[PDB]
Structure formats: structure tokens, C-alpha cells
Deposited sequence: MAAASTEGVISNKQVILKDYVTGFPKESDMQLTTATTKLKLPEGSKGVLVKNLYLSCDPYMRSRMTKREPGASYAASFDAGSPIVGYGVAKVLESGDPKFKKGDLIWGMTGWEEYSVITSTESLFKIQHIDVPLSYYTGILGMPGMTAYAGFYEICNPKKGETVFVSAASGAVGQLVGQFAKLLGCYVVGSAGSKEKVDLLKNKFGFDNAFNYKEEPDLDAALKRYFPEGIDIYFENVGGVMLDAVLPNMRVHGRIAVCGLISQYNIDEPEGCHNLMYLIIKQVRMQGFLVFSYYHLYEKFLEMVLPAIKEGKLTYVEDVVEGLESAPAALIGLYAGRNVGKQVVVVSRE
């Protein structure tokens, strides 16, 4: 038996970063703990006290576990994108019961000191977890990278790495809707089948089973690649470079094969031979397009023109393993943690 607190103290489970990470992250680099909270905003707060509902696992989070976005603080909760319910607000834009997405804590209850970088959700006729993926930062990344960086055109050939993931699965669908020929690489038969059968990619292959990536790309792109949407780097980038078309483009979205350990790109001469534009981008520079993105994507989801696959795990207790799993390809589609459905 446990008495209720006569001071309104309740339990707040948290995922702490125990210490900074070298090499690949391990579950034991994080600690599940139970903190206490009074569900009350600090005096003068212009922010929100929220109940966290869903948390995103995103590849960039590993970089914040290295001591030097600013690093995570050892001894403090992991932070990252999530979907939350407002309990109390210092900003009358938000009231109790409103749903938000934005950066929040890996904990049951967070205080978010400023609301300037929160989005108030209005459309709730989709799974709320979508606001960590297709309707959040990964969806924005796919939209900006494909439409704003790749200068895509009907009939162009498109190759996507990590193609069944949060970003890649949308890039391929956008490209198919534009009338492009689209191929994806992924790390399992299950993901290759998902690309062809759920997302409508023209083709896909399992890079882990291909000893000769150049021959795999030539199988699918006998006249080369107009657009490479780069999520992985490493061996796949070297294999792609000789297969680019003249005036081809490489949108450098991510390089996840290098996030935990080093790797040299050896085929850059093909940028000259094929007059290729290889261009990095950050989703943050395109958030001004978010409302225009939602005007396109919401009806497309409703009409079944776009679809999405999430990997959902239950409880904060699952969050450390779900985050480390990104670097092993454990996720099938966009990795979500359910902290609380309501």
C-alpha cells in the first residue's frame, strides 16, 4: 500500500542519459528512473506543462550523446520530438487538453519553457503518432529534400537509401506520384517487400545480400540514376556515384552508416564526369513550408494517395532499445514510442 502525497507529488518516469557515448550506443548508456513532479508550471512561465503521449526515435539523436544542436546533459532526461497534451500553459494560445508536437522530454511529464517552437495540432482524424513522422519532422524532411533540393521531374530515375524508413518511404511515394521510376535499398527481405508492395516502388533490393552494389544498381538503373536521395553514406554512396546520370543530383539528407564509427568517399571524380550537384540540407530551414506541406499531405493521406508505416513500441521502458535499434535496422518504418495513449 502507498498513500497519495498530501503535497500533490506524483511519479514521473524518465529516461536519463547516464554518460556520454563513444562508438555505438548501448541500452546501459541510459537509465530508467522514477522522479517526482508537482504538475504545476513554474511561476512566471510562458511555457506549457505537458503529458507526453508519443516519442520519436530519430537517427540524429545519437550525435547529442557525444559531449561537445547542443549535446544532451549527462544526468538529465533525453529530449527529442514528441506529441504531448497540455496540462497548464503560460501562453493563452494553448489550453488544457490541446495537443502539440515539438521537442519534449523522455519522461511522462515535461515543462517546455517556450512555446515558440511548438505546433498546436488541429487535425486529429489521423493517428496522433503521425505527428512524430509523416506529419512531423521526418515528413517535412522528405518534402523539402525531394521537392526543394532534388529538382525532380516526371520520368527521372530516383534511388533512395534506407528507403523503408521514416523519410525514405515518403520520398519514394512523392517520386512515384510525380511519375518517376523509383528504386529503394533496405536491410531485409521484409523491408524490400514493403517497398514494392505497400509503397509502390518500381523495385527494391536488400543491400546486405548484395556483394556487388555496382551490379545491383546497374540491374535496376541500366541508364543510370538522375536523383539519389542519400540517407546512409558509406559503401552505398561510393556505389551510386559511378551510376549517376549527367546533371544528376544527390540530396545529402543523412549519412547514418557513419554516426557511430568511421569512412572515406572514394568516387567523387564522378561529380565532375557526370556534372552532379551533391547538396546537403537541414529540415529546420524549411519549417516556414510546414502549413503548405500539411495542406498537401493531409488530403493525400485521407484519399489513400499516401500511406505510412510506423514501428510502435510500448512504454518509456522500451525507448532505449528502440533508439539504439535504429543503428541496427531494428525498426520497420518510422520508430515511435507510446508513453501514454491519452
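Novice: Would you flag the ranges of the deposited sequence that the structure leaves without C-alpha positions?
Specialist: Model skips 69-74, 269-270 of the deposited chain.
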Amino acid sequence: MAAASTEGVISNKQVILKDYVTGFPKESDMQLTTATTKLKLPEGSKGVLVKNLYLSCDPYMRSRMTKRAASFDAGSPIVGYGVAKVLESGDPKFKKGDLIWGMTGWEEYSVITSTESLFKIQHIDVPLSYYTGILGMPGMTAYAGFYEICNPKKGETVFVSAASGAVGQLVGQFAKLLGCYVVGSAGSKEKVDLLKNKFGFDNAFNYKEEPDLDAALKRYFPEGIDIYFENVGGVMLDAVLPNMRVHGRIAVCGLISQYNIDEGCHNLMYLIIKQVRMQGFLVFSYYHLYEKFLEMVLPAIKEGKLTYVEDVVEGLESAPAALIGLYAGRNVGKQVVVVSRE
From here on, numbers count along this sequence of modelled residues.
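Novice: Do the CA atoms of 273-281 or those of 31-39 have the higher mean B-factor in the entry?
Specialist: The recorded data point to 31-39.
Novice: Out of 227-235 and 72-80, which stretch has the higher average CA B-factor listed in the record?
Specialist: The entry gives the higher C-alpha B-factor average to 72-80.
Novice: Among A300, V312, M61, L55, where is the Cα B factor highest in this entry?
Specialist: If I rank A300, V312, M61, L55 by C-alpha B-factor, first place goes to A300.
Novice: Which of these, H266, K120, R249, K153, has its C-alpha atom at the highest B-factor, as the entry lists it?
Specialist: Among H266, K120, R249, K153, the PDB entry lists the largest C-alpha B-factor for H266.
Novice: Based on the entry's values, in what third of the chain does the Cα temperature factor of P320 lie: lowest, middle or highest?
Specialist: Its C-alpha B-factor, which the entry lists for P320, ranks in the middle third among residues of this chain.
Novice: Would you mind checking where the Cα B-factor of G165 ranks among the modelled residues of its chain, as the lowest, middle or highest third?
Specialist: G165: CA B-factor falls in the lowest third of its chain.
Novice: Is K13 in the lowest, middle or highest third of its chain when residues are ranked by C-alpha B-factor?
Specialist: Its C-alpha B-factor, which the entry lists for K13, ranks in the middle third among residues of this chain.
Novice: Lowest, middle or highest third: where is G145 by Cα B-factor in its chain?
Specialist: For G145, whose C-alpha B-factor we compare with every modelled residue in the chain, the answer is the middle third.
Novice: Consider only the C-alpha atoms of the modelled residues in this chain, order them by B-factor as the entry records it, and name the third containing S129: lowest, middle or highest.
Specialist: Ranked within chain, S129 CA B lands in the middle tercile.
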